[PDB]
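We're numbering straight along the sequence, starting at 1. Worth knowing before you read on, the calculation uses all heavy atoms, side chains too, and leaves out hydrogens, waters and symmetry mates.
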Amino acid sequence: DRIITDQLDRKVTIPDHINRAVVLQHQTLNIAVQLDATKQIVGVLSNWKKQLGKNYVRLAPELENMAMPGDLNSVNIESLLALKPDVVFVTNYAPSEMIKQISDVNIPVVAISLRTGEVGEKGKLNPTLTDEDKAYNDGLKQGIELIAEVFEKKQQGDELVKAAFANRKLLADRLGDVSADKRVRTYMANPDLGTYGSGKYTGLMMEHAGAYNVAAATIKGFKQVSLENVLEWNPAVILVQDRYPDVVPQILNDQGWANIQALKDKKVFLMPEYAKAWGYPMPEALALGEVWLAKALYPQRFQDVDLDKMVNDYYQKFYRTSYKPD
């Protein structure tokens with residue numbers, strides 16, 4: 001057996017080889033797809049189609065007939081045990097009650113946060129972090145490395161980590177003279193007036209692309225806000241995650257949003273599949289999404305950057321398929 005330490009700082013004994021993993025978190029699921037580990041998975045979170053978006057099943061068609069014995073914050077133990085799982089990955093904020101149910105029937109649990117930062121905060125959906133860039137950078141690296149350890153995909157895990165951070169220098173160099181006054185004021189519109197404030201990867205994606213999350217000085221983490229807040233923030237650009245495409249026409253047809261700068265200027269943009277301005281960091285979000293956003297906001301700085309080719313090279317390696325625009 002092996003002992004690992006998870007991202008809740010839990011010491012966890014697991015089998016030498018893992019072939020029946022149950023993955024109750026979409027971020028870990030996506031990393032495992034990119035490690036070519038899906039043959040070692042036998043169950044996934046029930047809401048995977050919602051969390052990964054309707055086209056995800058093109059990348060991982062095997063997910064279609066995968067048992068679903070739980071979700072982000074609950075588990076069905078009778079369903080779970082039928083799958084004879086050898087490990088369960090859960091999200092870092094999974095309730096204590098849920099982790100206990102799984103540990104009480106002796107299945108190893110590995111919690112994934114994709115963040116280091118303050119230990120007092122590791123189990124919180126919405127953390128307060130003193131150095132969010134380093135927390136998520138180090139957490140991403142650590143989390144991929146742990147996932148890769150569990151599934152014995154060490155080499156691909158190392159390649160994935162290198163690919164995630166490969167364009168961070170380019171963006172640093174090309175946008176290093178962007179003053180705080182000139183930084184592009186950006187809003188992430190999730191369904192039902194959802195948005196991301198502080199302590200979330202969303203804001204960091206925007207920073208690395210020469211932008212700023214308008215919600216982040218007053219909103220903590222993932223929260224429902226009022227239209228009135230969005231009106232006051234008056235963002236220059238509104239972004240929508242690819243997994244929630246209905247939100248774009250919804251904003252564009254809602255008269256109450258019509259006077260926001262981004263509406264007047266026709267800067268409401270559905271973000272590409274890979275360009276996940278999520279609460280959590282994902283390797284393709286760094287490698288490809290951050291470049292997409294930088295190129296969208298500063299195109300005259302990145303004309304030499306062949307993003308189409310970068311996307312293709314990445315997808316062929318980690319998704320074993322081409323990128324298909326929606």
Quick one: is the NZ or CZ of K276 closer than 6.0 Å to the six-membered ring centre of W278, and within 45° of its axis?
yes
In the structure I gave you, are the side-chain heavy atoms of [X] and [Y] within less than 4.5 Å of one another anywhere?
{"X": "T5", "Y": "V12", "value": "no"}
{"X": "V44", "Y": "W48", "value": "yes"}
{"X": "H17", "Y": "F151", "value": "no"}

Before we go on, tell me: are the rings of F318 and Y314 under 6.0 Å apart, centre to centre?
yes
Do [X] and [Y] sit within salt-bridge range, that is, some charged N less than 4.0 Å from a carboxylate O?
{"X": "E64", "Y": "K49", "result": "yes"}
{"X": "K169", "Y": "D173", "result": "yes"}
{"X": "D313", "Y": "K317", "result": "no"}
{"X": "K162", "Y": "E159", "result": "no"}
{"X": "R168", "Y": "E290", "result": "yes"}

Using a distance-only test with no angle check, is there a side-chain donor-acceptor pair under 3.5 angstrom linking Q40 and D86?
no
Nearest 0.5 angstrom please: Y323 OH to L307 CG, how far?
8.5 Å
Rounded to the nearest 0.5 Å, what's the gap from NZ on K223 to NZ on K200? Could you check?
9.5 Å
Pair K124-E121, salt bridge (charged side-chain N to carboxylate O under 4.0 Å, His left out): steps then yes or no
CA-CA 6 Å; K124 289 187 177 174; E121 295 288 291; 2.8 Å; yes
Under the criterion side-chain contact (heavy atoms from CB on, under 4.5 Å), I'd like the reasoning laid out for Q7 against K122: C-alpha separation, chi angles, the key distance, then a yes or no.
CA-CA 7 Å; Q7 298 185 306; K122 287 187 165 188; 5.6 Å; no
Do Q51 side-chain atoms and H26 backbone N/O form a donor-acceptor pair below 3.5 Å?
no
Quick one: closest heavy-atom pair of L59 and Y315, and the distance?
CD2-CE2, 4.0 Å
same_hphob_cluster(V161, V33) at 4.5 Å side-chain heavy-atom cutoff
yes
Hey, any chance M206 and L129 share a hydrophobic cluster, counting ILVMFWY side chains that come within less than 4.5 Å of each other, even indirectly?
yes
Verify the neighbour count for atom CD of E78: are there more than 12 heavy atoms of other residues, nucleotides or ligands below 6.0 Å?
no
